[PDB]
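Each remark here refers to the structure printed beneath this line.
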Amino acid sequence: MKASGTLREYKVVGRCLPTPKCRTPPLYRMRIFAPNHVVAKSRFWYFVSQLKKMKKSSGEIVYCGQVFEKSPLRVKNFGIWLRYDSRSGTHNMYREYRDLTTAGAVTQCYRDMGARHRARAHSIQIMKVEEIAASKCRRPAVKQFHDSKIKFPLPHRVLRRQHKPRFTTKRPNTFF
Amino acid sequence: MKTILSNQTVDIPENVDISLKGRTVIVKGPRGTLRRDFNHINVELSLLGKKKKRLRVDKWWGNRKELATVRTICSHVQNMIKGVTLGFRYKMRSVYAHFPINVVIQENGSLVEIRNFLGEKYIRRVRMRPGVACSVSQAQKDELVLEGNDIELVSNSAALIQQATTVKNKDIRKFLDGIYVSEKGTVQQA
Amino acid sequence: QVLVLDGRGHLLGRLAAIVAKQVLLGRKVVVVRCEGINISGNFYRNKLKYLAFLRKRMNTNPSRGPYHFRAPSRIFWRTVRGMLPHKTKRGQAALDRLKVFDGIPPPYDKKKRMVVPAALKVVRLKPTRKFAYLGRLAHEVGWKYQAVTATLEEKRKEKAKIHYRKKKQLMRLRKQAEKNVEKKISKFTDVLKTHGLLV
Amino acid sequence: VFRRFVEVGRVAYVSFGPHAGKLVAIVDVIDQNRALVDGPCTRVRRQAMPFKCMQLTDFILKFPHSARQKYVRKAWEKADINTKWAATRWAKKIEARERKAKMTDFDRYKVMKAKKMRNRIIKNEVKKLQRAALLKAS
RNA sequence: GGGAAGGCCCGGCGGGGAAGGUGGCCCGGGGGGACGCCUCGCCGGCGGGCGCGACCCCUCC
RNA sequence: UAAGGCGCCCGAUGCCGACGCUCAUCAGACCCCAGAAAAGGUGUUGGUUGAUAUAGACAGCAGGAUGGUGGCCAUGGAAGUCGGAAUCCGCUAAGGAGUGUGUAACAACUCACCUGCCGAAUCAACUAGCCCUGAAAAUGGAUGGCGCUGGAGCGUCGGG
RNA sequence: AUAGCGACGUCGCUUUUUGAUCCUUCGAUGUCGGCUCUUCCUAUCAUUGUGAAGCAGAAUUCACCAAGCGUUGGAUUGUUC
RNA sequence: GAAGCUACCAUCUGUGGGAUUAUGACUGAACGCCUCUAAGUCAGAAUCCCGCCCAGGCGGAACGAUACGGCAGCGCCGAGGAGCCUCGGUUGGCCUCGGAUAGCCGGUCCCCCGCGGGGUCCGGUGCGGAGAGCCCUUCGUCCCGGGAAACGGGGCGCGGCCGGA
Ligand SMILES: [Mg+2]
Ligand SMILES: [Mg+2]
Ligand SMILES: [Mg+2]
Ligand SMILES: [Mg+2]
Ligand SMILES: [Mg+2]
Ligand SMILES: [Mg+2]
Ligand SMILES: [Mg+2]
Ligand SMILES: [Mg+2]
Ligand SMILES: [Mg+2]
C-alpha cells in the first residue's frame, strides 16, 4: 500500500467460485482502509490469502463499497490495534487517536507510525479500529483533552506569509 | 507529548514585597533588594491575588524537557525571598594536620588572604563576590562565615575559597587539608 | 532606489540568499550593522566551524591561499559571495552592487533601514534553541574593532533618540492641529472615510 | 500575560482558507492543533478547522462543549455577535481596507484632490501652532 | 448503500444511560458590594480615597 | 512529460502545505556510491509484559531490626558476615541460623522486614525510532559549494 | 571478576609488515641505503593542565584534553633492521 | 699587523591578554529527596585567537608645492555662451528611536529623582501615530465668484548666527 492522501474505509466481501465440491462457499467480509477501491481489493485479496486458502484467481469480489462515517460531526476517541514489521522482528501495539472519522484516525495512525518508527504502509497491518469511551482511554496524550472547561492560549504565533511583504519596515509581532 | 498546562504557585510572606516587569522579578524586604531576570526560560509569571499573596508560574504546551523549568523558577524565587527576609550564612571550617592555616580578611570582608597552607610560602588571595562579606567566626578556633543576600553569590564565594586550597600531586585521601563548607544556614533564624 | 537592510536579528545564510537573489536581479543593496547578525547553533559550535575554516590554508605558500576576513561585514560579504557565480562577469558585476558595513555609517544612519521577515531569528527559530552573535564570534576570532564600533553605535543611538523625540513632538502638534481644524476640514474628511483611507 | 484563550464558545475570525473573512464559534478542541467549529449565523457549516487559520476575538458566549447548532445559533443571536463585531474597530479597519481595494480611478482622483487640501490646511495650521509655541517659550 | 450526516418545526412522544456532571447541595479560598475600622475630602450634604477593620451580617462573582 | 528536482549558485514551492521525530564541544542530508560493527546511554520518544496503592504505598525525614544460639562440620583464630550442607521455632506491629562496611575474633555501624509524619499514583524487565559513546593518519578539504536547526535534517503524505 | 590484567570466545580499525591480483607505465617514471632539508599525522616518550591506583612520601603505573616544543653523541655492519 | 668582515671561539636581547578544553565546582529541577546540566553561573591550561614582532592591497587618510616675467601655461568663479564627439543606464520621493516577542506602542499629573528618567491612570494592540503605509502629484493659459491665507509665496536677493567627523 501507498498511504496516499487521506484514506477511505471500504467494506469488501468476497467468495470462492462455486465448485463441484461445494455449491455456495461462505462469503467473507473485511474492512479495508485504502486510497481507492482498486488497492482496497488488492489488500482484501492479500489478507484473505493469508487467512484462508483463497486466491484472486480462485475467488471473486462479491461486493466492494465505501462505508461513510456514521457521525462525522462528533469528535471521537479511536483505539487501534495494529501489527507492524520493524527492522528486526515484528510487534503488536495499541494506539489511541482523537478525530471525527475512522478513516481520518487510520490516516493519522499511518502518519504517526511513519514518523515514530519509520514503518511503512507495506509493513503496517491494521487489525482493529474501535470507538473508545473517554473513561476507557488510557494514553495521556488523548486523555488530557477530556475535560469540560478546556482552556489554553496560543503563546508564540510564528509569522506566516513571510514572503508576501518580503521587505517590511516592522519587526513582526508574535504576541496576539 | 506536550502537556496543556503546568503551573505552580509560591506564597510570599507579609514583610516582603514582589514586583515583576515581564520576566524579571524584584524582591524588596528588610535586608535589601534582589533582582533576577528569567528571559531565558520563556514562561508566564503572574502576581495574582491582591494583597500580593501569591506568585504563579505557568507553562503552556511544554514537553518534559522544559516542564522542569517551572519548579526551578519557583525555587529561585523562594531562595530570593529567603535571602531577603533572613539572609544566607555559609559557615566553613579549616582542616589541617600539621601546618595551621592562617586566614586574614581585608577590605572589610572583601578579600581573603590564606597563608601557611601545608607550609606554603605562596599566599592565596581570593576576592569575594560583590555583596558577600567574609568574617572570622568568634567563639570558634578556626572557622569562616560568609554573609550575603544572594545564595548564588555566597556559595560561589565559598566554592572559590574552597578550591583555592587543594593539594597537588599527592594522595588527597590522606592529605585532607583545606577549608570546607561545614554548613549552610541563615543569618537569623525563624 | 537602493535597498538598505538592517542586520540585527537576521540569520546569516537566510539573509544572504535573499540578498544574493536581489543583487543578481539588478537591484543595488546595502546591508548595514553586520555585527548584529546571528547564526543558529550554539556559540562554541560556530566558533569551532570558523576555526576549522581558519585551519584551511595552502601548505606551500599561505600568502596565496584562502583569505580569512575577520570583520563581520566581510564575513557576511564572503558568505554572500558563496551564493553568486563570482567567477563570471555577471557574477562580479552583481557582487559590485552590494555594500556591507559594521555599525551604521554616516551615509546611512539618517535613513530608514529595511527588514526581511523571512530571515529573522524570531521568525525562523523556536525560542528554545541556541544562537551565536556574529559580532562576538568575529571579535574573539580576531576582529580588532568591537569596542570602537560599540562606542560609535552608542553615540548614534543617543542622537537618534533626540531626533525621534523631536519627531514625536512635531507629530503631536500635527494631531492637535487636526482636531483643532476638524471644523473646516470635516468636508474633506468624509470623502476619505467613505473611500477607506482614514477609518 | 495572555488575554485571549481557546475555550468552548469563543468567537474567532478566520483569516485564510475556504471561509476566509468570516466569524466562527469554537465548539470543541479535537486535538492539539484542530478545533471543531461552526458559524451558525455567519454561514459556515459545522466542520473541523486548524488553529493556524483563526484569530481569536474577545467575544465569549456560553453553551455546552458539544451543543448542537440549534443551541449555538440561539446563543449567537442572544449575544448579538454580528452587530457588536460590526461596531468594533477591527471590522472597521477590515471594511475600510476593502473600500480602498474597491476604489476605482475616478474616486482615486477625487481622493487625491481632497487629500491635497486636507494636508495643506493641516500643514499651515501646524506651522502656526509651532510658531506660537516658540513664541510662548521665548 | 435509491447518500452519510446535517437543517427547520420546543415536532410530539416511548423509556433508558453516564460524564469531558448543568443546576442544586457540602467543603475550601480569591475576592469583592453593601463598606459598617482609621485617614483625609466638602456640625448636615455629595464628590474626592484610585480610602481603610469587617466577616458568615449577608450578598454577588 | 519520464527519471530527477524546486533557499542561492541554478530553470522550478516567494504553498500563510499537513502530521510527527531529532540538538550533535564528530549532527544529518537520496539506487550504483564512495565509508563503519559487536556492545552501551536514568538523552528523548513510542510500545509489550508483570507488579503495588486509601486494609493508605513510591520517595524523604525518624524508631525498632530480638532468645534458644557464639546453630552443626571445621580453622590457630570464624560470635552471621573467610569456608561445607539447612535455616527452625516462642516473643511478636518485625527482624534473615542473615544484605553489606568493619576488626584475628568480637564490638560497632548498616540492610532485609515492620512502625510514626507526609496523602495519589508509583515501580521494574524488555523492545523499537532519532541522537550520543564505541570512532586513530599523515599537503588545507569537501551532503557539489555557500549554508541550513518553526529545516534548506529524518519518516509518512498533498496540491502547484 | 573489572587498581592492574585477562583464558575459551567474539566485533572492529590501519595500510609504517608481508601476501594476493596484474588496472596504469616496456618509442624507459633512473631501481638499496646514508647525508642534507621542510612539512605533516597521533596510535603521547618528555614537558603544560588534569582524573584513578594494590597512590603515606619518593619512585611508578592506568586514563583524559593535547602534536606547541624537544626526542642526542658514538663502537660494529653497505645496510633498513 | 690597521680597517673591514667574522665565532657559543667574544658580547647583547628574547614579552601580555581573551574566550575556553580536560577536569573540579555553584545554584538547581526533571524524579517530594539526590544530582556540575536540563535553563542559568564559576575557576580553568606548553592548546586556540589576538597582542609584541616581520611584510604592507588594482585599499584608504592628512599635509606641502603646484610650471612666465620676451612670450605663456595653469587654478577658481561668472546657476558663466553656443555648441561638437563619446559612454551609458534610468523614467517621482520617503530626512533615521531603541528594541521586545510568555509581550508591545502612545498620551498623562496624580507623584518621585537627575528637559530627561521612573509611578499611577487613560487609550490602542491581527499593529489606521500602518511600509497592507505616508508625502508630492504636471495639460497650460484668460475673465469673474466662493472656500483657505493675510503671519503666506517667491527670490547666487541678501548679511550673519548656529546645526556636522
Ligand atoms: Mg608520589
Ligand atoms: Mg539540483
Ligand atoms: Mg623524473
Ligand atoms: Mg626520463
Ligand atoms: Mg589523542
Ligand atoms: Mg583566562
Ligand atoms: Mg562543564
Ligand atoms: Mg569563566
Ligand atoms: Mg531616455
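Labels used: A, B, ... for chains in the order of the C-alpha cells, numbers from 1 for residues in each chain, and numbers from 1 for ligands as shown.
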Would you mind listing the residues within 12 Å of ligand 1, counting only C-alpha atoms (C1' of nucleotides) and all ligand atoms, as a PyMOL selection string?
(chain B and resi 168-172) or (chain G and resi 53+55-61)
Contact set, chain H to chain D: 12 Å, only C-alpha atoms (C1' of nucleotides), as a PyMOL selection string
chain H and resi 102-104+124-128+130+132+134-137+147-149+151-152
Give me the residues near stretch 79-91 of chain F as a list in words, where near means some atom within 7 Å (using only C-alpha atoms (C1' of nucleotides)) and where sequence neighbours in that chain fewer than 2 positions away do not count.
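Those residues are residues 70, 97, 98 and 106 of chain F.
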Selected residues, N, CA and C atoms (P, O5', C5', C4', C3', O3' and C1' of nucleotides), written as a PDB file, in the first residue's frame, please.
```pdb
ATOM      1  P     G F  70      24.334 -16.215  71.749  1.00  0.00           P
ATOM      2  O5'   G F  70      25.758 -16.097  71.047  1.00  0.00           O
ATOM      3  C5'   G F  70      25.858 -15.819  69.656  1.00  0.00           C
ATOM      4  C4'   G F  70      26.816 -16.755  68.958  1.00  0.00           C
ATOM      5  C3'   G F  70      26.573 -18.245  69.193  1.00  0.00           C
ATOM      6  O3'   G F  70      26.894 -18.966  68.006  1.00  0.00           O
ATOM      7  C1'   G F  70      28.756 -17.683  69.889  1.00  0.00           C
ATOM      8  P     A F  97      16.619 -17.645  60.067  1.00  0.00           P
ATOM      9  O5'   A F  97      17.514 -18.947  59.862  1.00  0.00           O
ATOM     10  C5'   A F  97      18.746 -18.886  59.151  1.00  0.00           C
ATOM     11  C4'   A F  97      19.873 -18.401  60.028  1.00  0.00           C
ATOM     12  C3'   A F  97      21.259 -18.921  59.652  1.00  0.00           C
ATOM     13  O3'   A F  97      22.232 -17.917  59.933  1.00  0.00           O
ATOM     14  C1'   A F  97      20.755 -19.558  61.863  1.00  0.00           C
ATOM     15  P     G F  98      23.176 -17.358  58.761  1.00  0.00           P
ATOM     16  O5'   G F  98      22.155 -16.849  57.651  1.00  0.00           O
ATOM     17  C5'   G F  98      22.592 -15.988  56.607  1.00  0.00           C
ATOM     18  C4'   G F  98      21.594 -14.891  56.334  1.00  0.00           C
ATOM     19  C3'   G F  98      22.181 -13.638  55.690  1.00  0.00           C
ATOM     20  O3'   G F  98      21.202 -13.042  54.842  1.00  0.00           O
ATOM     21  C1'   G F  98      21.246 -13.080  57.784  1.00  0.00           C
ATOM     22  P     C F 106      33.599 -12.306  64.319  1.00  0.00           P
ATOM     23  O5'   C F 106      33.755 -10.855  64.953  1.00  0.00           O
ATOM     24  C5'   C F 106      32.712 -10.278  65.722  1.00  0.00           C
ATOM     25  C4'   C F 106      32.901 -10.536  67.196  1.00  0.00           C
ATOM     26  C3'   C F 106      32.147  -9.604  68.128  1.00  0.00           C
ATOM     27  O3'   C F 106      30.785  -9.956  68.287  1.00  0.00           O
ATOM     28  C1'   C F 106      34.380  -9.807  68.861  1.00  0.00           C
TER      29        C F 106
END
```
Could you please determine the separation between atom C1' of residue E:29 and atom CA of residue B:51 in Å, to one decimal place?
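About the pair atom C1' of residue E:29 and atom CA of residue B:51: they are 13.9 Å apart.
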Using only C-alpha atoms (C1' of nucleotides) and all ligand atoms, which residues have at least one atom no more than 10 Å from ligand 4? Output them as a PyMOL selection string.
chain G and resi 28-30
Neighbour list for residue A:62 as a PDB file with N, CA and C atoms, in the first residue's frame, cut-off 7 Å, only C-alpha atoms (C1' of nucleotides), skip fewer than 3 positions in-chain:
```
ATOM      1  N   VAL A  13     -16.571  -7.741   0.468  1.00  0.00           N
ATOM      2  CA  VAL A  13     -16.989  -9.117   0.687  1.00  0.00           C
ATOM      3  C   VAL A  13     -16.662  -9.920  -0.563  1.00  0.00           C
ATOM      4  N   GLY A  14     -16.165 -11.141  -0.352  1.00  0.00           N
ATOM      5  CA  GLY A  14     -15.723 -11.978  -1.446  1.00  0.00           C
ATOM      6  C   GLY A  14     -15.961 -13.444  -1.149  1.00  0.00           C
ATOM      7  N   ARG A  15     -15.792 -14.265  -2.183  1.00  0.00           N
ATOM      8  CA  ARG A  15     -16.060 -15.690  -2.032  1.00  0.00           C
ATOM      9  C   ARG A  15     -15.337 -16.471  -3.117  1.00  0.00           C
TER      10      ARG A  15
END
```
Identify which of the residues C:106, C:36, C:82, C:127 lies closest to chain F, counting only C-alpha atoms (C1' of nucleotides) when measuring atom-to-atom distances.
C:82
Based on only C-alpha atoms (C1' of nucleotides), which of the residues in chain F come within 9 Å of chain A? I want them as a ChimeraX atom specification.
/F:14,16,19-21,45-48,127-130,150,154-158
Which neighbours of stretch 39-43 of chain B fall inside 9 Å, counting only C-alpha atoms (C1' of nucleotides), when residues of the same chain fewer than 4 positions from it are skipped, and could you give them as a list in words?
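In the requested form, the answer reads residues 22, 23, 24, 57, 58, 59, 60, 66, 69, 70 and 73 of chain B; 127 and 128 of chain C; 39, 40 and 102 of chain H.
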What does the file look like for those residues with N, CA, C and O atoms (P, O5', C5', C4', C3', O3' and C1' of nucleotides), as a PDB file, in the first residue's frame?
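Output file part_1.pdb follows:
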```
ATOM      1  N   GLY B  22       7.534  41.988  33.372  1.00  0.00           N
ATOM      2  CA  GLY B  22       7.729  40.943  32.389  1.00  0.00           C
ATOM      3  C   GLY B  22       8.216  39.662  33.031  1.00  0.00           C
ATOM      4  O   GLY B  22       7.475  39.021  33.779  1.00  0.00           O
ATOM      5  N   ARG B  23       9.460  39.275  32.753  1.00  0.00           N
ATOM      6  CA  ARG B  23      10.023  38.072  33.347  1.00  0.00           C
ATOM      7  C   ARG B  23      11.101  38.361  34.380  1.00  0.00           C
ATOM      8  O   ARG B  23      11.700  37.415  34.901  1.00  0.00           O
ATOM      9  N   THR B  24      11.371  39.626  34.684  1.00  0.00           N
ATOM     10  CA  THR B  24      12.323  39.966  35.730  1.00  0.00           C
ATOM     11  C   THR B  24      11.583  40.286  37.019  1.00  0.00           C
ATOM     12  O   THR B  24      10.581  41.006  37.016  1.00  0.00           O
ATOM     13  N   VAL B  57       3.453  30.608  38.374  1.00  0.00           N
ATOM     14  CA  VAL B  57       4.260  30.340  37.194  1.00  0.00           C
ATOM     15  C   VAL B  57       3.500  29.353  36.323  1.00  0.00           C
ATOM     16  O   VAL B  57       3.090  28.286  36.799  1.00  0.00           O
ATOM     17  N   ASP B  58       3.317  29.715  35.055  1.00  0.00           N
ATOM     18  CA  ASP B  58       2.548  28.949  34.086  1.00  0.00           C
ATOM     19  C   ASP B  58       3.431  28.573  32.907  1.00  0.00           C
ATOM     20  O   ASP B  58       4.280  29.360  32.480  1.00  0.00           O
ATOM     21  N   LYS B  59       3.218  27.374  32.373  1.00  0.00           N
ATOM     22  CA  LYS B  59       3.875  26.941  31.148  1.00  0.00           C
ATOM     23  C   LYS B  59       2.861  26.186  30.308  1.00  0.00           C
ATOM     24  O   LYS B  59       2.346  25.150  30.737  1.00  0.00           O
ATOM     25  N   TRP B  60       2.573  26.709  29.122  1.00  0.00           N
ATOM     26  CA  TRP B  60       1.618  26.104  28.208  1.00  0.00           C
ATOM     27  C   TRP B  60       2.352  25.388  27.085  1.00  0.00           C
ATOM     28  O   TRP B  60       3.308  25.924  26.518  1.00  0.00           O
ATOM     29  N   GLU B  66      11.279  21.112  28.966  1.00  0.00           N
ATOM     30  CA  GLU B  66      11.104  22.446  29.523  1.00  0.00           C
ATOM     31  C   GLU B  66      10.015  22.525  30.582  1.00  0.00           C
ATOM     32  O   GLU B  66       9.759  23.613  31.102  1.00  0.00           O
ATOM     33  N   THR B  69      11.519  23.612  34.106  1.00  0.00           N
ATOM     34  CA  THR B  69      11.895  24.979  34.434  1.00  0.00           C
ATOM     35  C   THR B  69      10.924  25.645  35.399  1.00  0.00           C
ATOM     36  O   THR B  69      11.306  26.608  36.072  1.00  0.00           O
ATOM     37  N   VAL B  70       9.688  25.158  35.494  1.00  0.00           N
ATOM     38  CA  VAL B  70       8.707  25.799  36.366  1.00  0.00           C
ATOM     39  C   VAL B  70       9.155  25.720  37.819  1.00  0.00           C
ATOM     40  O   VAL B  70       9.220  26.733  38.531  1.00  0.00           O
ATOM     41  N   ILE B  73      12.289  27.825  38.534  1.00  0.00           N
ATOM     42  CA  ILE B  73      11.970  29.236  38.727  1.00  0.00           C
ATOM     43  C   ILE B  73      11.389  29.461  40.110  1.00  0.00           C
ATOM     44  O   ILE B  73      11.744  30.421  40.805  1.00  0.00           O
TER      45      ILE B  73
ATOM     46  N   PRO C 127      12.130  29.493  20.301  1.00  0.00           N
ATOM     47  CA  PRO C 127      12.875  30.169  21.375  1.00  0.00           C
ATOM     48  C   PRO C 127      13.793  29.259  22.170  1.00  0.00           C
ATOM     49  O   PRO C 127      14.724  29.758  22.812  1.00  0.00           O
ATOM     50  N   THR C 128      13.571  27.946  22.153  1.00  0.00           N
ATOM     51  CA  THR C 128      14.364  27.050  22.986  1.00  0.00           C
ATOM     52  C   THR C 128      15.756  26.786  22.430  1.00  0.00           C
ATOM     53  O   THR C 128      16.582  26.202  23.138  1.00  0.00           O
TER      54      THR C 128
ATOM     55  P     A H  39      20.898  23.368  28.878  1.00  0.00           P
ATOM     56  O5'   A H  39      20.039  24.516  29.566  1.00  0.00           O
ATOM     57  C5'   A H  39      18.763  24.859  29.052  1.00  0.00           C
ATOM     58  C4'   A H  39      18.149  26.017  29.795  1.00  0.00           C
ATOM     59  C3'   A H  39      19.098  27.095  30.281  1.00  0.00           C
ATOM     60  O3'   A H  39      19.526  27.973  29.259  1.00  0.00           O
ATOM     61  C1'   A H  39      17.557  26.579  31.985  1.00  0.00           C
ATOM     62  P     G H  40      21.062  28.436  29.199  1.00  0.00           P
ATOM     63  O5'   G H  40      21.326  29.108  30.620  1.00  0.00           O
ATOM     64  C5'   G H  40      20.801  30.390  30.923  1.00  0.00           C
ATOM     65  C4'   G H  40      21.041  30.786  32.359  1.00  0.00           C
ATOM     66  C3'   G H  40      22.482  30.996  32.784  1.00  0.00           C
ATOM     67  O3'   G H  40      23.040  32.220  32.349  1.00  0.00           O
ATOM     68  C1'   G H  40      21.379  29.735  34.424  1.00  0.00           C
ATOM     69  P     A H 102       6.271  35.512  22.989  1.00  0.00           P
ATOM     70  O5'   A H 102       5.951  35.434  24.543  1.00  0.00           O
ATOM     71  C5'   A H 102       5.380  36.540  25.233  1.00  0.00           C
ATOM     72  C4'   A H 102       5.169  36.223  26.690  1.00  0.00           C
ATOM     73  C3'   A H 102       6.446  36.086  27.509  1.00  0.00           C
ATOM     74  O3'   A H 102       6.192  36.479  28.855  1.00  0.00           O
ATOM     75  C1'   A H 102       5.291  34.032  27.515  1.00  0.00           C
TER      76        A H 102
END
```
Expected answer as a ChimeraX atom specification: residues within 10 Å of ligand 5, only C-alpha atoms (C1' of nucleotides) and all ligand atoms:
/F:136 /G:42-44,64-67
Give the residue list for ligand 2 at 9 Å, counting only C-alpha atoms (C1' of nucleotides) and all ligand atoms, as a PyMOL selection string, sorted by chain and then by residue number.
chain F and resi 4-6+10
Please write out the residues within 10 Å of ligand 7 as a PyMOL selection string, counting only C-alpha atoms (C1' of nucleotides) and all ligand atoms.
chain H and resi 22-25+36-37
Show me, as a ChimeraX atom specification, every residue of chain H with an atom at most 7 Å from chain B, counting only C-alpha atoms (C1' of nucleotides).
/H:25-30,38-39,42,102
Export of prior selection with N, CA, C and O atoms (P, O5', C5', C4', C3', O3' and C1' of nucleotides) as a PDB file, in the first residue's frame:
```pdb
ATOM      1  P     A H  25      34.218  17.816  42.672  1.00  0.00           P
ATOM      2  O5'   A H  25      33.851  19.314  43.063  1.00  0.00           O
ATOM      3  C5'   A H  25      32.641  19.906  42.624  1.00  0.00           C
ATOM      4  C4'   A H  25      32.700  21.407  42.712  1.00  0.00           C
ATOM      5  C3'   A H  25      31.366  22.108  42.886  1.00  0.00           C
ATOM      6  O3'   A H  25      30.932  22.109  44.233  1.00  0.00           O
ATOM      7  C1'   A H  25      32.605  23.188  41.196  1.00  0.00           C
ATOM      8  P     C H  26      29.369  22.043  44.576  1.00  0.00           P
ATOM      9  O5'   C H  26      28.835  23.487  44.188  1.00  0.00           O
ATOM     10  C5'   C H  26      29.327  24.644  44.844  1.00  0.00           C
ATOM     11  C4'   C H  26      28.526  25.859  44.466  1.00  0.00           C
ATOM     12  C3'   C H  26      27.020  25.678  44.494  1.00  0.00           C
ATOM     13  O3'   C H  26      26.484  25.825  45.794  1.00  0.00           O
ATOM     14  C1'   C H  26      27.659  26.750  42.484  1.00  0.00           C
ATOM     15  P     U H  27      25.243  24.927  46.264  1.00  0.00           P
ATOM     16  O5'   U H  27      24.002  25.559  45.496  1.00  0.00           O
ATOM     17  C5'   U H  27      23.601  26.895  45.747  1.00  0.00           C
ATOM     18  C4'   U H  27      22.676  27.401  44.672  1.00  0.00           C
ATOM     19  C3'   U H  27      21.473  26.527  44.368  1.00  0.00           C
ATOM     20  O3'   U H  27      20.411  26.696  45.285  1.00  0.00           O
ATOM     21  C1'   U H  27      22.509  27.144  42.350  1.00  0.00           C
ATOM     22  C1'   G H  28      19.018  23.832  40.719  1.00  0.00           C
ATOM     23  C3'   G H  28      17.177  23.684  42.167  1.00  0.00           C
ATOM     24  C4'   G H  28      17.781  25.068  42.273  1.00  0.00           C
ATOM     25  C5'   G H  28      17.969  25.602  43.668  1.00  0.00           C
ATOM     26  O3'   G H  28      15.778  23.670  42.374  1.00  0.00           O
ATOM     27  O5'   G H  28      18.947  24.865  44.383  1.00  0.00           O
ATOM     28  P     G H  28      19.549  25.425  45.745  1.00  0.00           P
ATOM     29  P     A H  29      15.122  22.541  43.305  1.00  0.00           P
ATOM     30  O5'   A H  29      15.174  21.236  42.400  1.00  0.00           O
ATOM     31  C5'   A H  29      13.984  20.577  42.001  1.00  0.00           C
ATOM     32  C4'   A H  29      13.627  20.903  40.574  1.00  0.00           C
ATOM     33  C3'   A H  29      13.086  19.751  39.747  1.00  0.00           C
ATOM     34  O3'   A H  29      11.709  19.521  39.964  1.00  0.00           O
ATOM     35  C1'   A H  29      14.753  20.876  38.523  1.00  0.00           C
ATOM     36  P     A H  30      11.174  18.033  40.227  1.00  0.00           P
ATOM     37  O5'   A H  30      11.326  17.314  38.817  1.00  0.00           O
ATOM     38  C5'   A H  30      10.711  17.847  37.652  1.00  0.00           C
ATOM     39  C4'   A H  30      11.328  17.275  36.403  1.00  0.00           C
ATOM     40  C3'   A H  30      11.300  15.760  36.294  1.00  0.00           C
ATOM     41  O3'   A H  30      10.072  15.280  35.781  1.00  0.00           O
ATOM     42  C1'   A H  30      13.478  16.540  35.829  1.00  0.00           C
ATOM     43  P     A H  38      23.213  17.665  30.368  1.00  0.00           P
ATOM     44  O5'   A H  38      21.723  18.222  30.377  1.00  0.00           O
ATOM     45  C5'   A H  38      21.495  19.622  30.340  1.00  0.00           C
ATOM     46  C4'   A H  38      20.037  19.968  30.193  1.00  0.00           C
ATOM     47  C3'   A H  38      19.720  21.452  30.211  1.00  0.00           C
ATOM     48  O3'   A H  38      19.948  22.078  28.964  1.00  0.00           O
ATOM     49  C1'   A H  38      18.235  20.320  31.648  1.00  0.00           C
ATOM     50  P     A H  39      20.898  23.368  28.878  1.00  0.00           P
ATOM     51  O5'   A H  39      20.039  24.516  29.566  1.00  0.00           O
ATOM     52  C5'   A H  39      18.763  24.859  29.052  1.00  0.00           C
ATOM     53  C4'   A H  39      18.149  26.017  29.795  1.00  0.00           C
ATOM     54  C3'   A H  39      19.098  27.095  30.281  1.00  0.00           C
ATOM     55  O3'   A H  39      19.526  27.973  29.259  1.00  0.00           O
ATOM     56  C1'   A H  39      17.557  26.579  31.985  1.00  0.00           C
ATOM     57  P     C H  42      29.789  33.384  34.855  1.00  0.00           P
ATOM     58  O5'   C H  42      30.676  32.532  35.868  1.00  0.00           O
ATOM     59  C5'   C H  42      30.923  33.009  37.179  1.00  0.00           C
ATOM     60  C4'   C H  42      31.860  32.118  37.957  1.00  0.00           C
ATOM     61  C3'   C H  42      33.205  31.803  37.332  1.00  0.00           C
ATOM     62  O3'   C H  42      34.123  32.876  37.406  1.00  0.00           O
ATOM     63  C1'   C H  42      32.310  29.857  38.326  1.00  0.00           C
ATOM     64  P     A H 102       6.271  35.512  22.989  1.00  0.00           P
ATOM     65  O5'   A H 102       5.951  35.434  24.543  1.00  0.00           O
ATOM     66  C5'   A H 102       5.380  36.540  25.233  1.00  0.00           C
ATOM     67  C4'   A H 102       5.169  36.223  26.690  1.00  0.00           C
ATOM     68  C3'   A H 102       6.446  36.086  27.509  1.00  0.00           C
ATOM     69  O3'   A H 102       6.192  36.479  28.855  1.00  0.00           O
ATOM     70  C1'   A H 102       5.291  34.032  27.515  1.00  0.00           C
TER      71        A H 102
END
```
Give as a PyMOL selection string the residues surrounding ligand 8 up to a distance of 8 Å, considering only C-alpha atoms (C1' of nucleotides) and all ligand atoms.
chain H and resi 20+42-44
Neighbours of chain C in chain F at 10 Å, counting only C-alpha atoms (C1' of nucleotides), as a list in words:
residues 7, 8, 9, 14, 23, 24, 25, 139, 140, 141, 145, 146, 147, 148, 149, 150, 151 and 152 of chain F
Could you work out which residues of chain B fall inside 12 Å of chain E? Count only C-alpha atoms (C1' of nucleotides), and format the result as a PyMOL selection string.
chain B and resi 48-54
Distance filter 12 Å, only C-alpha atoms, chain A against chain D, as a compact mmCIF listing (two decimals) with C-alpha atoms, in the first residue's frame:
```
# COMPACT_ATOMS: atom_id res chain seq x y z
CA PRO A 72 -18.78 12.88 11.14
CA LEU A 73 -19.66 15.82 13.43
CA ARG A 74 -18.87 14.19 16.80
CA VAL A 75 -15.25 14.24 17.93
CA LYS A 76 -14.40 10.70 18.99
CA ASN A 77 -11.58 8.70 20.52
CA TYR A 97 -6.09 8.89 18.44
CA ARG A 98 -8.72 11.62 18.52
CA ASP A 99 -10.63 12.55 15.38
CA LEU A 100 -14.08 12.76 13.79
CA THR A 101 -13.73 9.94 11.24
CA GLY A 104 -9.05 10.08 9.45
CA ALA A 105 -7.92 8.24 12.57
CA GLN A 108 -3.28 9.66 11.49
CA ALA A 141 -1.90 12.38 25.10
CA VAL A 142 -5.57 11.65 24.37
CA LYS A 143 -6.79 11.71 27.97
CA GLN A 144 -5.59 15.27 28.56
CA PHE A 145 -8.28 16.56 26.18
CA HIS A 146 -11.06 15.08 28.34
CA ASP A 147 -12.43 17.97 30.38
CA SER A 148 -15.42 20.28 30.20
CA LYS A 149 -13.62 23.59 30.77
CA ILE A 150 -10.77 23.23 28.29
CA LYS A 151 -8.79 26.46 28.08
CA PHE A 152 -5.36 27.32 26.68
CA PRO A 153 -3.85 30.21 24.71
CA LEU A 154 -1.75 30.29 21.53
CA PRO A 155 1.50 31.51 23.08
CA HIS A 156 4.08 32.01 20.32
CA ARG A 157 2.41 32.67 16.98
CA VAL A 158 5.01 32.37 14.24
CA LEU A 159 4.55 34.79 11.36
CA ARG A 160 3.44 33.00 8.19
CA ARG A 161 3.24 34.55 4.71
CA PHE A 175 2.01 38.00 20.64
CA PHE A 176 -1.66 38.15 19.72
```
Calculated over only C-alpha atoms (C1' of nucleotides), which of the candidates D:69, D:41, D:10, D:59 has the smallest distance to chain E?
D:69
